[PDB]
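Written out below as structure tokens is the structure these notes cover.
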Protein chains: 2
Amino acid sequence: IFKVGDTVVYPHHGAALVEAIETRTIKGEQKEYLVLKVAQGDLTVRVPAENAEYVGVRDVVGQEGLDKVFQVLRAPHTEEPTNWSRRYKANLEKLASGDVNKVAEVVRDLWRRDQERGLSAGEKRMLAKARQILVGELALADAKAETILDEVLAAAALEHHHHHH
Amino acid sequence: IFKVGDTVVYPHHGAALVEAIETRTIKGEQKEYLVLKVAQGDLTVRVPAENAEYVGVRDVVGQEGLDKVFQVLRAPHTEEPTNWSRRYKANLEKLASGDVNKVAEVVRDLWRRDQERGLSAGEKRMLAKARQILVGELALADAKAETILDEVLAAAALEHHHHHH
């Protein structure tokens, strides 16, 4: 489909924080607006509450926790053990860690391996499990929200982000 | 749903440009990757071509044209004629202009009026028409792509973006 010079709409997914809610009466009804901190404070976006179709993320994670997860999934230079066993054992340790950032590394590495060379049976089952742990650490206590979240995270996992300002 | 302190995933939609396509052979198959210029050159994202589910945008518009349209739709300080007739006549002129930026102003103003106070019958029909012109100026020569594009533009229209770096 794509060729050099093509312009597309890219969804730069990221963490946003509700810093304020504005209530207005427009005659003669109540209207609520979210004031969002997005891009780590570089941008304020104000959006109607009823037109805010965004997946929520747990408070223990927060804006910084969520942006960190995105950074991990989008990390371009990864170091993966070449040998299956060393790699499997390391990811096993990561899934048992309780650190969402390490779970993200597993999800990232395995999604990329899947599209690149394909997964072994155990690796495929590991990916199914890691994705579910990651979503579980992030999503609000909903199955539709978890599906959307899983898609967003999977797409991020495939992306290498290079920052140059 | 939402309250202050809540963290969400915000899709910061924007223009991306395919600057390069990388071809790789991973034994022993061909794999294509897009090298995207996103955030006006602040970020490079590299994504597998087969996993790039992005709406394309016409070349006459381009990356700068597309980002401009987003800026217009997200403009927070708008000046709209209070009187219905003055407002209607101005938007009529804009829809006949051939300038996609002016069409964007109509789409923006009417989406916001709709959620705020509601539209008159003529204004509602104007919005239906403006959205279709805007999509037509942007989309590739597909009805699924136009639907997604229309949703993206509508969501942008409702958003006030404040830049503070």
Side-chain angles (χ1 to χ4, degrees), chain A residues 9-24 30-74 100 104 107 131 134-157 159 161, chain B residues 1-16 38-39 45 53-55 70 73-74 76 108 111-112 114-116 147-163:
Chain A
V9 177
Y10 172 75
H12 195 180
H13 290 110
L17 171 68
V18 191
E19 279 180 317
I21 297 182
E22 286 180 356
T23 293
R24 278 187 93 215
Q30 297 272 106
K31 300 290 183 171
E32 285 194 331
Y33 301 85
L34 308 181
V35 178
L36 302 179
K37 173 189 173 186
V38 28
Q40 306 83 41
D42 291 350
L43 174 61
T44 305
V45 352
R46 178 238 205 206
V47 56
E50 80 253 42
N51 295 101
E53 347 249 87
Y54 312 123
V55 176
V57 156
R58 290 176 73 215
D59 292 324
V60 282
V61 178
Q63 152 158 56
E64 251 138 78
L66 179 50
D67 279 324
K68 172 61 176 175
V69 166
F70 272 115
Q71 174 266 313
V72 171
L73 295 168
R74 296 157 161 172
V100 65
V107 172
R131 290 162 59 193
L134 182 57
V135 159
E137 297 287 287
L138 270 26
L140 266 52
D142 59 42
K144 299 175 177 177
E146 293 169 352
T147 298
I148 299 173
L149 184 52
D150 175 79
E151 283 186 58
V152 166
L153 298 174
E159 282 167 1
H161 283 218
Chain B
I1 324 168
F2 295 126
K3 59 180 180 300
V4 187
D6 277 6
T7 303
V8 301
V9 177
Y10 172 75
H12 195 180
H13 290 110
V38 28
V45 352
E53 347 249 87
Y54 312 123
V55 176
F70 272 115
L73 295 168
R74 296 157 161 172
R108 166 247 276 153
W111 267 126
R112 292 183 185 181
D114 174 71
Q115 99 87 23
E116 283 163 31
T147 298
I148 299 173
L149 184 52
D150 175 79
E151 283 186 58
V152 166
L153 298 174
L158 266 14
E159 282 167 1
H160 299 189
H161 283 218
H162 292 288
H163 300 285

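Scope of the values below: all heavy atoms of this structure, side chains included, with no hydrogens, waters or symmetry mates. Per chain, numbering begins at 1; letters A, B, ... match sequence-line order.
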Can you check ring pair (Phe, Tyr, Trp, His ring centres under 6.0 Å) on A:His161 and A:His12, steps first, answer last?
CA-CA 11 Å; A:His161 283 218; A:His12 195 180; 5.7 Å; yes

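The heavy-atom pair separating A:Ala139 from A:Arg58 by the smallest distance is O-CG, 3.2 Å. Taking each heavy atom of A:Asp59 and B:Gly5 in turn, the nearest pair found is OD1-O, 3.8 Å. Between B:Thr7 and A:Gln63, the shortest heavy-atom contact is OG1-N, 3.3 Å. Minimum interatomic distance between B:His160 and B:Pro76 (heavy atoms only, all atoms of both residues): CB-CB, 3.8 Å. Listed here is the closest heavy atom pair of A:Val61 and A:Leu66: CG1-N, 3.4 Å. What you find for A:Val72 and A:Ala104 is that their closest heavy atoms are CG1-CB, 3.7 Å.
Evaluation of the salt bridge (charged side-chain N to carboxylate O under 4.0 Å, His left out) test over residues 139-148 of chain A, restricted to residues two or more places apart or in two chains, returns none. For residues 52-73 of chain A, the pairs satisfying ring-ring contact (aromatic ring centres under 6.0 Å, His included) are A:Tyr54-B:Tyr10, with sequence neighbours left out. Sequence neighbours left out, not one pair with a member in residues 136-155 of chain A passes ring-ring contact (aromatic ring centres under 6.0 Å, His included).
A:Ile148 contributes atom CD1, which lies 9.0 Å from atom CD of A:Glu53 (distance to the nearest 0.5 angstrom). Rounding to the nearest 0.5 angstrom, the gap separating the CD atom in A:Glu151 from the CG atom in A:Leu149 is 10.0 Å. Interatomic distance, CZ of B:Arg74 versus NE2 of B:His162, reported as 13.0 Å (0.5 Å rounding). Taking CG from A:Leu153 and CG from A:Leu138, the interatomic distance works out to 6.0 Å, rounded to the nearest 0.5 Å. Distance check, rounded to the nearest 0.5 Å: CD of B:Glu116 to CH2 of B:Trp111 gives 13.0 Å.
Every salt bridge (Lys or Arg N to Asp or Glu O under 4.0 Å) that B:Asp6 has, sequence neighbours left out, goes to B:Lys3. Shown here are the salt bridge (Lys or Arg N to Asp or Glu O under 4.0 Å) partners of A:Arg131, two or more places apart in sequence or in another chain: A:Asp150.
Remark: side-chain polar atoms of B:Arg108 are not paired, donor with acceptor, to backbone N or O of B:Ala156 under 3.5 angstrom. At least one donor-acceptor pair closer than 3.5 Å links the side chain of A:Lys31 to the backbone N or O of B:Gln115.
With a 4.5 Å cut-off on side-chain heavy atoms, A:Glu19 and B:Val4 do not count as touching. Considering only heavy atoms from C-beta on, A:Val55 stays 4.5 Å or farther from B:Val8 through its side chain.
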Anything under 3.5 Å between a donor and an acceptor, one on a side chain of residues 34-48 of chain A, the other on a protein residue two or more places apart or in another chain? List them.
| unit_1 | atom_1 | unit_2 | atom_2 | d |
| --- | --- | --- | --- | --- |
| A:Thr44 | OG1 | B:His164 | NE2 | 2.2 |
| A:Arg46 | NE | A:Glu22 | OE1 | 3.0 |
| A:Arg46 | NH2 | A:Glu22 | OE1 | 3.0 |

